Amino acid sequence: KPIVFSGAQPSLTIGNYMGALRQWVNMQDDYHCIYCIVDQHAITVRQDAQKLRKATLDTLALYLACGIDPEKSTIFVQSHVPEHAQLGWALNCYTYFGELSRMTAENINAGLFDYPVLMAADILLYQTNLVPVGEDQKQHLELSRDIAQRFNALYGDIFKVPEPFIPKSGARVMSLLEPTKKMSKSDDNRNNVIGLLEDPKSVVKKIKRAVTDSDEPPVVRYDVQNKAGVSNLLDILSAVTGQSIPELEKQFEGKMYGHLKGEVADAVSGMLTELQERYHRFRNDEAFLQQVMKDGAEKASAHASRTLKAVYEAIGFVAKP
Amino acid sequence: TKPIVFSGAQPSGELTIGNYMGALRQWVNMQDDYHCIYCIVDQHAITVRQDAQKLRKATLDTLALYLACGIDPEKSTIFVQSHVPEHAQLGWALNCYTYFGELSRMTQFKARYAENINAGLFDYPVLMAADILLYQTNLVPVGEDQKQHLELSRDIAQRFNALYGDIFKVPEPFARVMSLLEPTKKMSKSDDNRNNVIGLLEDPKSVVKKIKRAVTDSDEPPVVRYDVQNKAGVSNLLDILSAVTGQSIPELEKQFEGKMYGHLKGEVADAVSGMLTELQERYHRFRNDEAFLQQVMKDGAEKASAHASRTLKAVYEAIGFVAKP
Ligand SMILES: Nc1ncnc2c1ncn2[C@@H]1O[C@H](COP(=O)(O)O)[C@@H](O)[C@H]1O
Ligand SMILES: Nc1ncnc2c1ncn2[C@@H]1O[C@H](COP(=O)(O)O)[C@@H](O)[C@H]1O
Ligand SMILES: N[C@@H](Cc1c[nH]c2ccccc12)C(=O)O
Ligand SMILES: N[C@@H](Cc1c[nH]c2ccccc12)C(=O)O
C-alpha cells in the first residue's frame, strides 16, 4: 500500500471536498494515508494565538466529519510530533540557499523563507510515496524530491523519493461569480466559494447570486464557451447527485435559472447538513479530539522516529542513550 | 538563586590553551556559584560537511575533554544538543519571529556565493537563539565572533515578549595568549597554521617543539623584558608563563635577569606541558570509558530536557498551538 502524505492548514470549500477529499475518504484501505494539521506552517503568518488553537481543533473535527478514520489513516497535529522540527533543521543543511530564494523581503520572517524545508521534512519523515498537491505546491514537492535524492547520494538510500499524486478528481468546481476561475479556498472574495460549514441560508444566498448568462429565453444547457455559469451550476449539481449532464439537461427542460439555482442550493446543503451534524458531534467532544490527537501523534512519531534515527545515524550524531 | 549560564561547545577542532586559560579554566571553578549548562552543538556542526563517523567521534572527544577540564556533570548540565528535541522545535518556532534581513545582515553572509551555501549556514543564528532561550539563560560567555549572534537572541526574546507577555529571559554577555609564530595575532582555534597553536591534547614533545620555535626578537643583547609593542614575542611567552603559574610579570622579569630567550622557552614548555599532561590523563580515562560517557549524556539530556520542555510548553501555549495531550 502506497504511503500518502497531506498537510492540512489549520484555517475548505465544496471544491476541495468533492474534487479530492471525498474520494480520499473512500481510499483509506487501498492506501496508507497520513493527514498532518500543519500548525508549525501556520505561524509563518501572525494571528491571535487562541484563534490558531481553535482553528487546529476545527480542522481536526472537519476532517473526521468528512470521514477520515483515525484507525485506518494517521491524522495528527504537526507540533505534537517533534521529529518534524528535528528533521527540518537537519535538512536545512542539505538545502541550497538559492533553492529557497528562487521560490519567493527584509521584513518577511525567516519562517516564510525556510518553510519549504520543513515541508520537505514533513513528507520525508514517513517514507512517503505520494503527495496530493495543489498546483501552487508543485515547486515545494520538487524541492523535497531534490533534497531526498541529494541526501541519498551522500549517505545511501535513507529517504523515499516522493511523487505527485494526480487526482482523477471527482469534480471540477468553478467560482460562483467568476465561472472561468476555479473555486479556491484562498480566494479573498468569499462569495466565490461555498465553505463546508456554511448553513443552507448562506448557501442559497451565494447560489442565487452566481453568475449565469443573458440567454432569452433562459435555457439550462451545458456550454462552457457561452454559458459558463449555468454549466458550472450543472457541474456542481452533478458532483453532488452523481447524475450525468444529459440527465440534468433533461430534468431542467422548460425551467428558468432561479429553479436551477434553488435545486443546486438544496442539493449542496443536503450534502453539507450531514457533514455539519458529524462536525458538531466531533467538535463538541474535546475529550475525543484529545484521544485522536494523542493516538495519532504517537502513531506518527513511531514511524517518524525510525526515519530520524536513520538520518541521525547517517549524518554522524551520537545516538541518544 | 544562581544565574543560569549557557555555552555551546562545537564538536570539532581542538581547544587551545588560549581557550582554556582565558575562559574554560575559570568556569570550571565557578560551577557552585552559577547554574552552568554546556551544550555540545552537533546540530550546528552539520552546517559544514564532514565524514559522519568523524562527527560522532568528535562529539565524544569534546564531551571527554570538557570533563577532563573539570566540568562536573553532578554540578553542571552537560549534554549533546541533538539529544534534546526542544532545540530544533524552538528553533523552527523562532524562525517565525526573526526578520530575514537580520540573518542576511550577518557579517559573514553580508550573490553567486550566496546561492551555493546551505540554508543551515544561513539559519543557524536562529537555532543559536533557541539554544540559549530554552534554558531561561541569564549569561552567555561568548567570544567576539558571536556578539552579533547573542544580540539577535536578545532581539528575538524582546520582540516575542512584547507580543505575548513575559515568556523568555533576555540574556546578557559575560589570560592573554598570542600566536606562537605571529605574536601580534591572538592565538586562534581556527588558525590554518597549526604551529601558531597549542592544543589541549598535544603531548609534551610537540608542545615543546612548538614553543622553542616561538618568535622572540633580535634585541642585542637579548633581555627578557615585558614590552608588547617592541617585544611582542617575548611578552607573549611571559604572559603564557604568567597565566600558567600565577607569577606576576615583574616576578618573571626578575627571575630571568641575565637569562636568555632559550631559558624562557624552556620554562614555558615545562609549565604549559605540565598543565596538559594532567589534563590528558583525565581525558584518556574518560574518553576510553564508553559506559561512563553514555551515562553522562543520558543524565545530562534528561536534566536539559526537563528544563527545556517547561520553556517550550510555555512558548507553544503563547503561540497558540494545541498542547500535546
Ligand atoms: N474548485 C475545485 N474543484 C475541484 N477540485 C479542487 C478544487 N479546489 C481544489 N481541488 C482539488 O484539491 C486539490 C488542491 O487543493 P488545494 O490544496 O486547496 O489547492 C487538488 O487535488 C484538486 O483536485
Ligand atoms: N588566545 C586567547 N587568549 C585569551 N583568551 C582566549 C584566547 N582564545 C580564546 N579565548 C577566550 O575564549 C572565549 C571564546 O573563544 P573563541 O570563541 O574561540 O574566540 C572568549 O572568552 C575568549 O576570550
Ligand atoms: N504548504 C501546504 C501545507 C503543507 C505543509 N507540509 C505539507 C506536506 C505535504 C503537503 C502539504 C503540506 C499548504 O500551504 O497548503
Ligand atoms: N555558534 C557557536 C556555538 C553555539 C551554538 N549555540 C550557542 C549558544 C550559546 C553560545 C554558543 C553557541 C560557535 O560556533 O562557537
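Just so it is clear, the values below take in all heavy atoms, side chains as well, and ignore hydrogens, waters and symmetry mates. Here is how names work: the chains are called A, B, and so on, in the same order as the sequence lines, proteins then strands, and each is numbered from 1.
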**Prompt:** Hey, are the side chains of A/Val292 and A/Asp295 touching, using non-hydrogen atoms and a 4.5 Å cut-off?
**Reply:** no
**Asked** Should we say atom OH of A/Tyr222 is surrounded by more than 12 heavy atoms from elsewhere, each under 6.0 Å from it?
**Response** yes
**Asked** Are A/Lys138 and A/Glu135 close enough, and set up right, to give a salt bridge (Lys or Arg N to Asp or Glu O under 4.0 Å), and what steps lead you there?
**Response** CA-CA 5 Å; A/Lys138 162 85 169 76; A/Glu135 216 139 58; over 6 Å; no
**Message:** Counting only heavy atoms from other residues, nucleotides and ligands, does the tally under 6.0 Å from NZ of A/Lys168 exceed 12?
**Reply:** no
**Item:** A/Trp24 ring center near A/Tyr17 ring center (under 6.0 Å)
**Value:** no
**Donor-acceptor pair, side chain of A/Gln149 and main chain of A/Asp146, under 3.5 angstrom** = no
**Message:** With a 3.5 Å distance limit and no angle check, can you tell me whether A/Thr13 reaches the backbone of A/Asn16 through a side-chain donor-acceptor pair?
**Reply:** yes
With a 3.5 Å cut-off and sequence neighbours excluded, list the donor-acceptor pairs that the side chains of residues 316-325 of chain B form with protein atoms.
none

**Prompt:** How long is the gap from OG1 on A/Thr273 to CZ on A/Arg278, to the nearest 0.5 Å?
**Reply:** 13.0 Å
**Request:** To the nearest 0.5 Å, tell me how far A/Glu247 CD sits from A/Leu234 CG.
**Result:** 12.0 Å
**Asked** Looking at NZ of A/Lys206 and CZ of A/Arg190, how far apart are the two atoms once the value is rounded to the nearest 0.5 Å?
**Response** 6.5 Å
**Prompt:** Does a sphere of radius 6.0 Å around OH in A/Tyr96 hold more than 12 heavy atoms from other residues, nucleotides or ligands, not counting ones at 6.0 Å or beyond?
**Reply:** no
**Request:** Report yes if the side chains of A/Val131 and A/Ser6 come closer than 4.5 Å at any heavy-atom pair, otherwise no.
**Result:** no
**Prompt:** Is there side-chain contact between A/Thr128 and A/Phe159, with at least one heavy-atom pair below 4.5 Å?
**Reply:** no
**Prompt:** Are any of the side-chain heavy atoms of A/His140 and A/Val133 separated by less than 4.5 Å?
**Reply:** no
Contacts table for residues 36-46 of chain A: side-chain donor-acceptor under 3.5 angstrom, sequence neighbours left out:
residue : atom : partner  : partner atom : Å
A/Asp39 : OD1  : A/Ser79  : N            : 2.9
A/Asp39 : OD2  : A/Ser79  : OG           : 2.7
A/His41 : NE2  : A/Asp122 : OD2          : 2.8
A/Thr44 : OG1  : A/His41  : O            : 2.9
A/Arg46 : NH1  : B/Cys96  : O            : 2.9
A/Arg46 : NH2  : B/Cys96  : O            : 2.9

**Complete:** CG (A/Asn191) and NZ (A/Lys205) are apart, to the nearest 0.5 Å, by 7.5 Å
**Message:** Are A/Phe5 and A/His32 an aromatic pair, judged by ring center distance below 6.0 Å?
**Reply:** no
**Request:** State, yes or no, whether a side-chain contact exists between A/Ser101 and A/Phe113 at a heavy-atom distance under 4.5 Å.
**Result:** yes
**Request:** Taking atom CZ of A/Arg281 as the centre, report whether more than 12 heavy atoms of other residues, nucleotides or ligands fall under 6.0 Å from it.
**Result:** yes
**Asked** Say you draw a straight line from CZ of B/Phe160 to CD1 of B/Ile167; how long is it, rounded to the nearest 0.5 Å?
**Response** 6.5 Å
**Request:** Before giving the answer on salt bridge (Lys or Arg N to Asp or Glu O under 4.0 Å), spell out for A/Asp58 and A/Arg283 the whole-Å C-alpha distance, their side-chain angles and the decisive distance to 0.1 Å.
**Result:** CA-CA 7 Å; A/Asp58 291 359; A/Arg283 188 65 185 77; 2.6 Å; yes
**Complete:** CZ (A/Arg22) and CE (A/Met27) are apart, to the nearest 0.5 Å, by 11.0 Å
**Request:** Kindly indicate whether the side chain of A/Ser184, heavy atoms from C-beta on, has any atom under 4.5 Å from the side chain of A/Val193.
**Result:** no
**Asked** Relative to each other, are the rings of B/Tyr135 and B/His307 parallel, tilted or perpendicular (30° and 60° limits)?
**Response** perpendicular
**Request:** Kindly check if the number of other-residue, nucleotide or ligand heavy atoms within 6.0 Å of NZ (A/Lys294) is above 12?
**Result:** no
**Message:** Using a 3.5 Å distance criterion without hydrogens, assess whether the side chain of A/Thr307 forms a donor-acceptor pair with backbone atoms of A/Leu125.
**Reply:** yes
